[PDB]
Amino acid sequence: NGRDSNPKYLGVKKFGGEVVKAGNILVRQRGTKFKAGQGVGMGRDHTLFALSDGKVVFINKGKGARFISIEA
Amino acid sequence: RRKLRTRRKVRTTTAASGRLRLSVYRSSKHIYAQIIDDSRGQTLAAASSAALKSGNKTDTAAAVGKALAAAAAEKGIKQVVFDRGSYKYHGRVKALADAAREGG
Amino acid sequence: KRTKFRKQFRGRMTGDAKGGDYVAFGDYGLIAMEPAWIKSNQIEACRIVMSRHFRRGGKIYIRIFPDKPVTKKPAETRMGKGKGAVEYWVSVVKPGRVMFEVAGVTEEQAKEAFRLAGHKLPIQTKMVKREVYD
Amino acid sequence: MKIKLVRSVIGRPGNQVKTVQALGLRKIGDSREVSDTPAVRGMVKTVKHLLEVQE
RNA sequence: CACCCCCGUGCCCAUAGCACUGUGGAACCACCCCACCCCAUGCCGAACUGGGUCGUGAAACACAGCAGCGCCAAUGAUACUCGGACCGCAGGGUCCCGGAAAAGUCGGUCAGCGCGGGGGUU
RNA sequence: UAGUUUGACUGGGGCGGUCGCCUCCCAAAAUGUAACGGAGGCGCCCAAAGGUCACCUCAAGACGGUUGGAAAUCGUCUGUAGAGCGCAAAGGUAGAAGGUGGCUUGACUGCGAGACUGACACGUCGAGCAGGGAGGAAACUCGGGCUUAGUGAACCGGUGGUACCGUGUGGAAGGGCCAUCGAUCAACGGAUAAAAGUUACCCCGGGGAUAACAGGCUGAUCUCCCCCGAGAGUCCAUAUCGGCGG
RNA sequence: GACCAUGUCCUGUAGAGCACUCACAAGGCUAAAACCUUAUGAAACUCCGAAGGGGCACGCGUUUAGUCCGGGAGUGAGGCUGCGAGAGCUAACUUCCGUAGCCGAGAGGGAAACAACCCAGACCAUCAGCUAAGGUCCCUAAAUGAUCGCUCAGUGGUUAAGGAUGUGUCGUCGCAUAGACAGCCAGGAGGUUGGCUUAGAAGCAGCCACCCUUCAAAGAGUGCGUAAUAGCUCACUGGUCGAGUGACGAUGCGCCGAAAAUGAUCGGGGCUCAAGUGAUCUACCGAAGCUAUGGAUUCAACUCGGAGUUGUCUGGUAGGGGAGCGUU
Ligand SMILES: [Mg+2]
Ligand SMILES: [Mg+2]
Ligand SMILES: [Mg+2]
Ligand SMILES: [Mg+2]
Ligand SMILES: [Mg+2]
Ligand SMILES: [Mg+2]
Ligand SMILES: [Mg+2]
Ligand SMILES: [Mg+2]
Ligand SMILES: [Mg+2]
Ligand SMILES: [Mg+2]
Ligand SMILES: [Mg+2]
Ligand SMILES: [Mg+2]
Ligand SMILES: [Mg+2]
Ligand SMILES: [Mg+2]
Ligand SMILES: [Mg+2]
Ligand SMILES: [Mg+2]
Ligand SMILES: [Mg+2]
Ligand SMILES: [Mg+2]
Ligand SMILES: [Mg+2]
Ligand SMILES: [Mg+2]
Ligand SMILES: [Mg+2]
Ligand SMILES: [Mg+2]
Ligand SMILES: [Mg+2]
Ligand SMILES: [Mg+2]
Ligand SMILES: [Mg+2]
Ligand SMILES: [Mg+2]
Ligand SMILES: [Mg+2]
Ligand SMILES: [Mg+2]
Ligand SMILES: [Mg+2]
Ligand SMILES: [Mg+2]
Ligand SMILES: [Mg+2]
Ligand SMILES: [Mg+2]
Ligand SMILES: [Mg+2]
Ligand SMILES: [Mg+2]
Ligand SMILES: [Mg+2]
Ligand SMILES: [Mg+2]
Ligand SMILES: [Mg+2]
Ligand SMILES: [Mg+2]
Ligand SMILES: [Mg+2]
Ligand SMILES: [Mg+2]
Ligand SMILES: [Mg+2]
Ligand SMILES: [Mg+2]
Ligand SMILES: [Mg+2]
Ligand SMILES: [Mg+2]
Ligand SMILES: [Mg+2]
Ligand SMILES: [Mg+2]
Ligand SMILES: [Mg+2]
Ligand SMILES: [Mg+2]
Ligand SMILES: [Mg+2]
Ligand SMILES: [Mg+2]
Ligand SMILES: [Mg+2]
Ligand SMILES: [Mg+2]
Ligand SMILES: [Mg+2]
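Protein chains in written order, with the numbering used here: chain A, 2 to 73; chain B, 10 to 113; chain C, 37 to 170; chain D, 131 to 185.
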């Protein structure tokens with residue numbers, strides 16, 4: 002063994018209560034650990050970036066049912 | 010099962026586009042076909058077939074579409090999204106769309 | 037005591053027991069006083085001796101079990117390369133976790149059975165009789 | 131509230147060091163009055179083991 | 001939001017779900033009804049689908065009862081831990097202050113809020 | 001004969017192993033984090049395993065069944081998934097990314113607001129605009145694949161365009177630009193286009209940064225003692241000896 | 001800026017749980033996978049899940065740093081301790097990471113001695129004062145301090161499994177002025193030289209099983225005995241006897257366990273007629289920390305055309321900056 006692979010510094014890049022420019026990246030994820038609410042659009046590797054400038058808010062009933070909206 | 014309708018009604022993510030959606034219920038030919046702004050829990054333009062008659066269901070459906078087109082144009086609406094139900098765009102409902110956008 | 041198939045290696049730590057603080061099954065029993073690993077062989081010696089005291093008996097539950105491999109490095113080698121391969125299995129035994137639990141044998145007979153069964157052990161222990169059990 | 135340093139800041143984790151510094155006693159044997167505001171009351175609870183709280 | 005009830009479509013997002021079950025009937029919905037053709041089945045009008053009344057509330061669905069199940073779930077007490085301060089050679093453990101679960105008991109629920117329409121008391 | 005090449009990490013050198021990228025634990029509930037620490041994958045594939053439009057729902061069990069019977073296949077009941085997702089696993093997924101057809105190529109050219117990430121250099125995601133396509137009745141979705149591996153700057157050259165330089169002027173030779181090709185340079189940030197041993201005849205410069213001895217710290221192994229006590233000792237554990245364990 | 005508080009969001013550790021995966025404990029059920037009651041472990045298991053921790057916003061509050069731009073650097077060998085892990089043997093003044101602090105770069109008091117530990121960051125001067133850690137019998141500064149005990153071991157002043165009528169503090173179980181525990185005399189019985197055994201096994205090698213008579217009174221019955229019975233004792237019985245005893249337990253301080261190499265020791269003397277100890281309370285000693293008086297620099301405000309006042313600062317390696325002294 003003695004093998005390993007680079008860190009992928011994934012996360013909630015922008016936490017609810019953070020104003021965001023358009024195109025800011027807010028969550029990094031392997032998949033849909035977050036499912037993108039209103040105003041946000043999710044990319045190829047399933048990072049989801051805000052489309053509209055404003056505050057970031059978490060809709061989060063959880064269990065795969067967590068969504069990131071942006072409010073203007 | 011009828012995973013046609015939850016699928017087609019998750020594909021109206023473009024209610025985020027601002028257009029209203031136009032539900033239809035090719036059931037008993039009751040084809041009531043409401044128009045809805047989803048943001049409020051509100052519907053804006055009913056067209057139930059209570060006593061419209063008009064004959065066979067495929068043409069009574071177009072009658073429902075042509076009547077609802079006026080019923081919604083009165084209030085000031087023009088953007089449209091045809092949220093079909095489980096039903097195909099097979100004709101008896103397709104007439105509803107033809108007659109509806111014939112006179113928006 | 038040996039585990040029939042696994043994943044290969046482990047690690048270690050301790051804090052007080054959360055599984056098996058109360059006795060069931062038996063009449064009397066025996067409980068640890070000291071956190072520790074216990075090898076397969078320490079179990080088997082307690083079984084051998086308490087089966088010596090329980091001829092034609094059959095009242096010997098063993099409510100513990102060597103789950104954890106522990107792997108000494110080979111002969112005389114400088115450090116470098118893995119944890120060799122496993123040398124023996126051990127069971128974590130935090131205090132208050134029962135080990136042993138007899139039935140069908142009179143108090144002084146079970147008491148002597150537990151004397152010998154503890155003396156082969158690497159820990160303090162205590163015999164208990166059951167009554168504050170839900 | 132009355133406050134006096136009676137413990138060195140040396141050898142104590144640096145949050146306690148910037149805590150005493152913003153409290154504004156730079157040497158043991160300093161004292162000061164303090165506001166009742168929860169911010170500074172918690173600023174003093176954080177390093178109460180360094181100080182003699184009087185009131 | 002006059003009172004109920006039906007078809008639909010939302011918010012909610014198992015305290016709303018399951019099962020047992022009873023009411024429902026041409027008002028609504030639902031099966032049955034026929035198929036060369038619209039249209040379709042990698043075989044079947046079962047599914048879409050197109051042409052309709054009888055018939056029937058059987059099944060499905062709606063609505064009530066329902067605490068067998070699931071779902072939630074205290075208080076209390078711990079586990080643990082932020083800071084402080086200690087003991088044991090060691091594994092390990094204690095104390096002061098404050099935060100504090102999980103499991104279980106007690107107990108809670110077979111929901112709760114809209115919007116448009118259809119037919120009722122004529 | 002001559003001038004040289006003969007890699008590094010390394011609980012001393014050698015030998016063995018390793019050198020790049022991906023997945024998990026370690027990693028101490030942010031990101032990050034070492035080890036010759038614990039586990040395993042990649043150096044590709046797919047003309048459709050893409051884009052789009054539309055349609056289906058999987059394991060497994062039980063009852064019943066033709067040559068088969070524990071498991072072919074059909075049939076009912078249960079069936080938030082116990083399946084599947086090209087390869088490794090984690091995430092994810094039931095309104096699908098899984099399965100099955102119709103059409104076609106967005107497996108586009110020119111751009112890039114904004115951010116993530118890195119010491120750089122690279123790398124990741126990306127709304128929307130143009131020209132023009134593709135699917136859909138439309139809203140809309142397409143500048144590759146559920147995602148994360150499928151990869152190598154720079155130099156020197158091959159092939160197709162283009163018409164910028166091209167030495168007096170006009171041409172051409174040659175060069176530049178856009179496209180593309182050549183790399184286990186895998187020691188995978190890559191000394192040259194081009195390279196192995198040996199020295200005990202050895203030489204220099206350094207190192208207690210670092211082995212052989214000795215001292216030190218530890219005490220696995222070694223030496224010793226003690227507890228228990230099965231049995232041996234006819235009988236009787238302990239006159240002696242003391243299993244298996246501590 | 002920084003700490004701290006509020007608000008918010010994100011996390012999968014400790015713990016805890018088996019709901020999936022691996023494992024695994026006693027049974028019931030059955031052509032055993034499956035299934036149920038009960039029972040458990042898990043770095044690569046998670047129905048759950050803190051404390052904390054990170055980003056934002058505010059400052060609803062104390063503070064003084066920050067940011068960028070340009071010149072010069074050095075450093076790129078770390079060491080310990082505590083907490084959390086890996087590797088190791090739950091070895092190492094071991095090796096590799098996280099984290100806090102010290103050391104490096106750190107003087108001063110304590111720890112006999114001692115980079116790391118505990119106290120405390122040295123501008124200068126004083127034959128001034130309060131304290132920190134640590135101390136107060138003599139060395140050696142300062143209570144042979146006070147009060148309730150604890151240990152008679154020099155424990156104190158080197159471990160453990162394990163043993164012990166050692167001793168205090170509680171605390172659980174029995175049988176007693178219808179008179180018990182040792183303690184003296186008195187009896188020891190019945191089939192029965194009891195079944196089951198090897199060659200005889202007969203309270204009394206030993207696998208299987210314990211009821212029944214005669215009695216104020218005795219278990220086919222304890223350790224011994226030669227290979228077997230007797231034999232002196234025992235568990236209940238008794239005149240006497242005259243009042244407490246015996247058992248496992250929690251614990252506080254101690255004993256044993258406890259052998260190494262030139263000569264011993266707690267730093268030494270010596271300490272129980274406390275100088276050990278656990279609990280309380282003072283009174284003082286005790287530092288280059290703090291306070292007093294004097295004094296000078298760094299900075300910054302404040303005044304006059306460096307000066308002076310007030311505040312403040314002044315441990316220091318590589319290094320950067322600044323003012324100056326000496327020689328030709
Ligand atoms: Mg841990
Ligand atoms: Mg448990
Ligand atoms: Mg290895
Ligand atoms: Mg509570
Ligand atoms: Mg606190
Ligand atoms: Mg702490
Ligand atoms: Mg607490
Ligand atoms: Mg080398
Ligand atoms: Mg992390
Ligand atoms: Mg490092
Ligand atoms: Mg799809
Ligand atoms: Mg785009
Ligand atoms: Mg376009
Ligand atoms: Mg078209
Ligand atoms: Mg060319
Ligand atoms: Mg080259
Ligand atoms: Mg390299
Ligand atoms: Mg020579
Ligand atoms: Mg030297
Ligand atoms: Mg050395
Ligand atoms: Mg040596
Ligand atoms: Mg040697
Ligand atoms: Mg601030
Ligand atoms: Mg745990
Ligand atoms: Mg963390
Ligand atoms: Mg503000
Ligand atoms: Mg510079
Ligand atoms: Mg280094
Ligand atoms: Mg380090
Ligand atoms: Mg180990
Ligand atoms: Mg070291
Ligand atoms: Mg070293
Ligand atoms: Mg140095
Ligand atoms: Mg320092
Ligand atoms: Mg010092
Ligand atoms: Mg010392
Ligand atoms: Mg000294
Ligand atoms: Mg030194
Ligand atoms: Mg020094
Ligand atoms: Mg040292
Ligand atoms: Mg101290
Ligand atoms: Mg004093
Ligand atoms: Mg003091
Ligand atoms: Mg004196
Ligand atoms: Mg002991
Ligand atoms: Mg005295
Ligand atoms: Mg005093
Ligand atoms: Mg002084
Ligand atoms: Mg001073
Ligand atoms: Mg002066
Ligand atoms: Mg300084
Ligand atoms: Mg100073
Ligand atoms: Mg200086």
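We put the CB at the ideal spot given by N, CA and C, even for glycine.
Would you mind stating whether C:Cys82 and C:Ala139 have Cβ atoms separated by less than 8 Å? To locate residue 82 of chain C, count along the third sequence from 1; it is residue 46. To locate residue 139 of chain C, count along the third sequence from 1; it is residue 103. No, the pair does not count as a contact, with Cβ atoms beyond the cut-off.
Output the boundary residues of the alpha helix (DSSP H) element that contains C:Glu137. In the third sequence, the residue the question calls residue 137 of chain C occupies position 101. Unbroken run through C:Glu137 is the beta strand (DSSP E), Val134 to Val138; no alpha helix (DSSP H).
Closest by CA to C:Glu144, which one among C:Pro71, C:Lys37 and C:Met163? Residue mapping note: residue 144 of chain C aligns to position 108 of the third sequence, counting from 1. Ranking the options by Cα distance to C:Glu144, first place goes to C:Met163.
Please report how far the alpha carbon of D:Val170 lies from the alpha carbon of D:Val164, in whole angstroms. On the fourth sequence, position 40 is the one that residue 170 of chain D refers to. On the fourth sequence, position 34 is the one that residue 164 of chain D refers to. Cα to Cα, the separation comes out at about 8 Å.
Secondary structure at C:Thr161, three-state DSSP: helix, strand or coil? If you number the third sequence from 1, residue 161 of chain C lands on position 125. If DSSP states are grouped into helix, strand and coil, C:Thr161 belongs with the strands.
Does the region 91-101 of chain C come into contact with the region 93-101 of chain B, if we say contact requires no fewer than three beta-carbon pairs (one atom in each stretch) closer than 8 Å? Cβ pair count under 8 Å is below three, so no.
Checking 8 Å against the spacing of the C-beta atoms, do B:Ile40 and B:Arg30 come in under that value? In the second sequence, the residue the question calls residue 40 of chain B occupies position 31. In the second sequence, the residue the question calls residue 30 of chain B occupies position 21. No. Outside cutoff.
Cα-Cα separation, B:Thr67 to B:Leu61: Counting from 1 along the second sequence, the entry for residue 67 of chain B is found at position 58. Counting from 1 along the second sequence, the entry for residue 61 of chain B is found at position 52. Cα to Cα, the separation comes out at about 13 Å.
Taking buried to mean at least 16 other C-beta atoms within 10 Å of its own C-beta, is C:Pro105 buried or exposed? For the purposes of this step, residue 105 of chain C is taken as the residue at position 69 of the third sequence. Answer is buried; the Cβ neighbour count reaches 16.
According to DSSP, C:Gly65 sits in a beta bridge with which residue or residues? Locating residue 65 of chain C in the third sequence gives position 29, where the first residue counts as 1. DSSP output for C:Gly65 lists C:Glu137 and C:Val164 as bridge partner(s).
Selection from D:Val139, D:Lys132, D:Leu135 and D:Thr149 that minimises the alpha carbon distance to D:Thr176: Counting from one through the fourth sequence, the residue named residue 176 of chain D turns up at place 46. It is D:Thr149 whose Cα lies nearest to the Cα of D:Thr176.
Is the number of C-beta pairs between the region 110-124 of chain C and the region 59-67 of chain C that are closer than 8 Å three or more? The region 110-124 of chain C vs the region 59-67 of chain C: no contact.
Report the residue from A:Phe50, A:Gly12, A:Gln39 and A:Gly18 whose alpha carbon sits nearest the alpha carbon of A:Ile26. Start at 1 with the first residue of the first sequence, and residue 26 of chain A comes out as number 25. Here the closest residue by C-alpha is A:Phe50.
Should the region 59-69 of chain A be called in touch with the region 27-42 of chain A, which here means at least 3 C-beta pairs below 8 Å? yes
When the distance is taken between beta carbons, is C:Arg42 closer than 8 Å to C:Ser76? Here residue 76 of chain C is taken as the residue at index 40 of the third sequence, counted from 1. Here residue 42 of chain C is taken as the residue at index 6 of the third sequence, counted from 1. The answer is no: Cβ separation not under 8 Å.
In three-state terms, what does DSSP make of B:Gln51? Residue 51 of chain B sits at position 42 when you count from the first residue of the second sequence. Looking at B:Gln51 - three-state DSSP - the assignment turns out to be strand.
For B:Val90 and B:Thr23, which I take to be in contact (beta-carbon distance under 8 Å), what is that distance rounded to the nearest angstrom? Taking the first residue of the second sequence as position 1, residue 90 of chain B is located at position 81. Taking the first residue of the second sequence as position 1, residue 23 of chain B is located at position 14. Their Cβ separation, rounded to whole angstroms, is 6 Å, which keeps B:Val90 and B:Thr23 in contact under 8 Å.
According to DSSP, is C:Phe90 part of a helix, a strand, or is it coil? Residue 90 of chain C sits at position 54 when you count from the first residue of the third sequence. Coil.
Tell me the DSSP secondary structure of B:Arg30 in three-state form. Within the second sequence, the letter at position 21 stands for residue 30 of chain B. The answer is strand: DSSP assigns B:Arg30 an E or B state.
Select from C:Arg48, C:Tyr64, C:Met49 and C:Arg46 the residue whose C-alpha is nearest the C-alpha of C:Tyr169. Within the third sequence, numbered from 1, the residue matching residue 169 of chain C stands at position 133. With distances taken between Cα atoms, C:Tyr169 lies closest to C:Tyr64.
If I measure Cβ to Cβ from B:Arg20 and keep anything under 6 Å in the same chain, skipping five residues before and after, which residues do I get? Along the second sequence, one-based indexing puts residue 20 of chain B at 11. Annotation for B:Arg20: no residue places its beta carbon closer than 6 Å to its own, counting only its chain and skipping 5 residues before and after.
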